[PDB]
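Notes follow the structure.
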Amino acid sequence: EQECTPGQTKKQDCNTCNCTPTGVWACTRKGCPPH
């Protein structure tokens, strides 16, 4: 119970942290898609 576990999606514009079986997410940083 750190903050997450399943796989919720983190809206951060241009990228996404995504959730994992351990809270800690993965945020990528490259560019933003067309709105």
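As shown in the structure tokens, the chain order sets the letters A, B, ...; within each chain, residues go from 1, and ligands are also counted from 1 in the order they appear.
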Hey, what does DSSP flag as strand (DSSP E or B) within chain A? Can you give it to me as a PDB file with N, CA and C atoms, in the first residue's frame?
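selection_36.pdb written:
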ATOM      1  N   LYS A  11      -2.267  10.612 -15.853  1.00  0.00           N
ATOM      2  CA  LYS A  11      -2.330  11.661 -16.912  1.00  0.00           C
ATOM      3  C   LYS A  11      -1.285  12.746 -16.637  1.00  0.00           C
ATOM      4  N   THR A  16       3.090   9.183 -19.766  1.00  0.00           N
ATOM      5  CA  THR A  16       2.222   8.531 -18.748  1.00  0.00           C
ATOM      6  C   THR A  16       3.079   7.741 -17.759  1.00  0.00           C
ATOM      7  N   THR A  20       2.055  -0.033 -11.434  1.00  0.00           N
ATOM      8  CA  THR A  20       2.594  -1.422 -11.547  1.00  0.00           C
ATOM      9  C   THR A  20       2.406  -2.171 -10.232  1.00  0.00           C
ATOM     10  N   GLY A  23       3.195  -0.016  -6.766  1.00  0.00           N
ATOM     11  CA  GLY A  23       2.959   1.448  -6.668  1.00  0.00           C
ATOM     12  C   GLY A  23       3.835   2.204  -7.669  1.00  0.00           C
TER      13      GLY A  23
END
- request: Please provide as a VMD selection string all residues within 10 Å of residue 13 of chain A, with the sequence filter that same-chain residues fewer than 4 positions apart are discarded (counting only C-alpha atoms).
  value: chain A and resid 29 31 to 33 35
Keeping only C-alpha atoms, take the residues you just selected and write them out as a short mmCIF file (atom, residue, chain, number, x, y, z; two decimals), in the first residue's frame.
data_model
loop_
_atom_site.label_atom_id
_atom_site.label_comp_id
_atom_site.auth_asym_id
_atom_site.auth_seq_id
_atom_site.Cartn_x
_atom_site.Cartn_y
_atom_site.Cartn_z
CA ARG A 29 9.56 12.03 -21.48
CA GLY A 31 7.24 14.73 -26.83
CA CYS A 32 3.49 15.48 -26.75
CA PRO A 33 1.06 14.06 -29.31
CA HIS A 35 -4.36 17.30 -29.16
#
- request: Name all residues at most 9 Å from residue 22 of chain A (count only C-alpha atoms; drop same-chain ones fewer than 3 positions away) and give them as a list in words.
  value: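 My list of contacting residues is residues 1, 2, 3, 4, 5, 6, 19 and 25 of chain A.
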